[PDB]
Amino acid sequence: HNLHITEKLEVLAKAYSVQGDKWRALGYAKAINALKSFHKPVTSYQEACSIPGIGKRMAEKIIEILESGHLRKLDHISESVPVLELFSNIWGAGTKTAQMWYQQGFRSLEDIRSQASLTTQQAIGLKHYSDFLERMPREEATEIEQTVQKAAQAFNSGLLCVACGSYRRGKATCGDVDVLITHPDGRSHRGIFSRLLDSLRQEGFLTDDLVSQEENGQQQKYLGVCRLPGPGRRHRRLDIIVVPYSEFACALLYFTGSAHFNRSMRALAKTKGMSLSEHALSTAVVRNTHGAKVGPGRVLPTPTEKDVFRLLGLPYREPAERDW
DNA sequence: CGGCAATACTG
DNA sequence: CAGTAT
DNA sequence: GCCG
Ligand SMILES: Cc1cn([C@H]2CC[C@@H](COP(=O)(O)OP(=O)(O)OP(=O)(O)O)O2)c(=O)[nH]c1=O
Ligand SMILES: [Mg+2]
Ligand code: NA
Ligand code: NA
């Protein structure tokens, strides 16, 4: 909700991110993800330090954007950054691949297309490069969720289908469509991916598969590309997860996010000797001196999302209140 | 000093 | 496993 | 980067 001083920081955060300095980029993310949820412009160095997420190092940079109106750090960002960002926006390519391609002399998508060795996923990502950078209106996301739900309830009307992610958080636009599928009887959700996916392929709704371990009967997620019928339609990313009714609440909480919200909640659980994943909320978890899990602990009953919050000693938050 | 979420595929 | 993804 |  404020301080365009962040637009200068966002640039650095993205630079460190594409370059692989993930932890540093996370630090900037939180500092920025904070300078927004805040209220008044920061006018003092000590007034910065006071904000949770901002430190002495960050404050000194927040003073050069006000006292000087410009951050000199941006003037020394590697010329490789724009290219690394270009490359890492290819679905399936991350910082490691982008850096490798850059080191190999590649500088444009034309270079990637004609000379780079692409994985199957990356070839799909490049083929839909522009489309994958666009967000769809939530109205279209509804159409996509309904298309999957109809095909699902087609072979089992008992299947519960819910659109999660940014859609459930009530955003105006959606990057992809995240559909969670389960079954109230807690058993019939058995290997339905085969039937659902082949049904969606049957009607030409699915165009490309990115992640889909279909040889496996334990498949949990399907990440792919779909496109609604008619003219003026673009390819949209689709992410579907089938979960046992037993893990419905945690799966719903997870898939709804946001990402930063999930990380915050999971971090809280850890401080309480507990653990949260899309599968369950556990207590009495044993972790070594490195926060690594050594002992599983006990799964706690979590029939509903509110239960998870309750068990964590947190007040319930509607999906729209989790848009962190 | 050293964690910063916890998990699922791919090859 | 590393890399990438949610 | 931040912070316990
Ligand atoms: C990326 C990521 C995501 N999640 C969860 C929580 C969100 C859902 C859906 O992710 P998505 O990227 O579609 O996000 P979404 O919120 O739907 O935003 P878009 O509208 O799709 O961009 O997955 C997570 O726990 N950790 C992560 O690192
Ligand atoms: Mg989404
Ligand atoms: Na990418
Ligand atoms: Na497959």
Side-chain angles (χ1 to χ4, degrees), chain A residues 9-10 12-35 48-55 57-62 73 87-101 117-125 132 164-166 175-180 193 209-216 218-224 237-243 247 250-251 253-271 274-282 285 287-293 296 324:
Chain A
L9 297 179
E10 179 64 63
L12 272 181
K14 190 173 64 174
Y16 288 123
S17 189
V18 299
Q19 289 174 298
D21 194 339
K22 78 164 296 194
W23 300 127
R24 181 174 298 286
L26 181 60
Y28 278 70
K30 294 189 179 188
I32 298 175
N33 198 316
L35 289 181
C49 305
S50 65
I51 306 177
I54 293 70
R57 310 296 285 290
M58 197 63 84
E60 292 181 57
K61 286 189 177 63
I62 303 177
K73 188 55 169 294
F87 292 173
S88 58
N89 279 333
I90 290 183
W91 201 107
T95 181
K96 295 300 186 173
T97 299
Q99 296 187 72
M100 180 187 91
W101 284 334
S117 64
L118 302 176
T119 59
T120 300
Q121 300 176 326
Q122 293 160 354
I124 292 174
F132 288 3
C164 305
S166 56
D176 73 344
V177 186
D178 309 295
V179 177
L180 182 165
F193 261 125
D209 301 324
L210 292 169
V211 173
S212 191
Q213 195 179 71
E214 296 169 61
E215 58 263 32
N216 192 220
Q218 310 307 302
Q219 165 175 29
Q220 293 176 57
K221 68 149 55 65
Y222 166 77
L223 308 180
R237 293 182 293 110
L238 178 57
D239 290 16
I240 302 170
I241 61 170
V242 172
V243 306
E247 324 187 324
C250 291
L253 182 66
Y254 155 69
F255 220 32
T256 292
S258 68
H260 285 300
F261 172 84
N262 285 346
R263 296 169 79 163
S264 305
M265 179 152 293
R266 296 177 178 198
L268 176 63
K270 179 174 285 195
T271 69
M274 303 173 72
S275 191
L276 175 63
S277 74
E278 68 266 59
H279 295 299
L281 170 69
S282 301
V285 180
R287 293 182 172 80
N288 57 42
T289 303
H290 303 298
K293 187 179 292 170
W324 299 12

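Only heavy atoms go into these numbers, but all of them, side chains included; no hydrogens, no water, no symmetry mates. Proteins come first, then strands; the chains are lettered A, B, ... in the order of their sequence lines, and each starts at number 1.
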What's the [atom1]-[atom2] distance between [X] and [N], to the nearest Å?
X        : N     : atom1 : atom2 : answer
A/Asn33  : D/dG1 : CG    : P     : 19 Å
A/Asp176 : C/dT4 : CG    : P     : 19 Å
A/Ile62  : D/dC2 : CD1   : P     : 9 Å
A/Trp23  : B/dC1 : CH2   : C1'   : 16 Å
A/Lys270 : B/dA6 : NZ    : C1'   : 9 Å
A/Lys221 : B/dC9 : NZ    : P     : 5 Å
A/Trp91  : C/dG3 : CH2   : P     : 16 Å
A/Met100 : C/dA2 : CE    : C1'   : 13 Å

If you check the [X] side chain, which of [options] turns out closest?
X       : options              : value
A/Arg24 : D/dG1, B/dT10, C/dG3 : D/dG1
A/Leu26 : B/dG3, B/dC4, C/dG3  : B/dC4
A/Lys73 : B/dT7, D/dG1, B/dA8  : D/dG1

Side-chain N or O of [X] versus OP1/OP2 of [N]: is the shortest distance under 4.0 Å?
X        : N     : answer
A/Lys61  : D/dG1 : yes
A/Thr97  : C/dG3 : no
A/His260 : B/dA5 : no
A/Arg287 : B/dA6 : yes
A/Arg57  : D/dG1 : yes

Describe the nucleic acid contact of [X] in one word from base, sugar-phosphate, nothing, applying a heavy-atom distance below 4.0 Å.
X        : result
A/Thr95  : sugar-phosphate
A/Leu276 : sugar-phosphate
A/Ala93  : sugar-phosphate
A/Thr119 : nothing

Exercise. So do A/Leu223 and A/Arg237 actually touch side chain to side chain, heavy atoms under 4.5 Å?
Worked result: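 Side-chain contact under 4.5 Å: no.
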Problem set entry | Min side-chain heavy-atom separation A/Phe87-A/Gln122 under 4.5 Å |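 No; the side chains remain at least 4.5 Å from each other.
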Exercise. Does A/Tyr222 have any ring pair (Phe, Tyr, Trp, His ring centres under 6.0 Å) partners at least two apart in sequence or in another chain, and if so, which?
Worked result: none
Problem set entry | Distance between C1' atoms of D/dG1 and B/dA8 (Å, rounded) | 28 Å
For this session: Can you sort out the partners of A/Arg24 under salt bridge (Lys or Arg N to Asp or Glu O under 4.0 Å), two or more places apart, ordered by chain and number?
Result: A/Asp21
Seminar exercise, completed: Nearest-nucleotide check on DNA chain B, A/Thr120 vs A/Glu278; residue mapping nearer the 5' end is A/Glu278
Exercise. Between A/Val211 and A/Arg263, which has a closest nucleotide on DNA chain B that is more 5'?
Worked result: A/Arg263
Problem set entry | Short side-chain donor-acceptor distance under 3.5 Å, A/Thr119 and A/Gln121 |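 Note: A/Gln121 and A/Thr119 side chains miss the donor-acceptor criterion.
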Exercise. From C1'-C2'-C3'-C4' alone, north or south for the sugar of B/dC1?
Worked result: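 On the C2'-endo side: south.
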Problem set entry | Distance, nearest 0.5 Å, that separates CE of A/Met58 from OH of A/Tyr28 |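 Between atom CE of A/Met58 and atom OH of A/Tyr28 there are 5.0 Å.
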For this session: Check whether the aromatic ring of A/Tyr254 stacks on the base of B/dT7, taking stacking as ring centres less than 5.5 Å apart and planes within 30° of each other.
Result: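 No, the aromatic ring of A/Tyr254 does not stack with the base.
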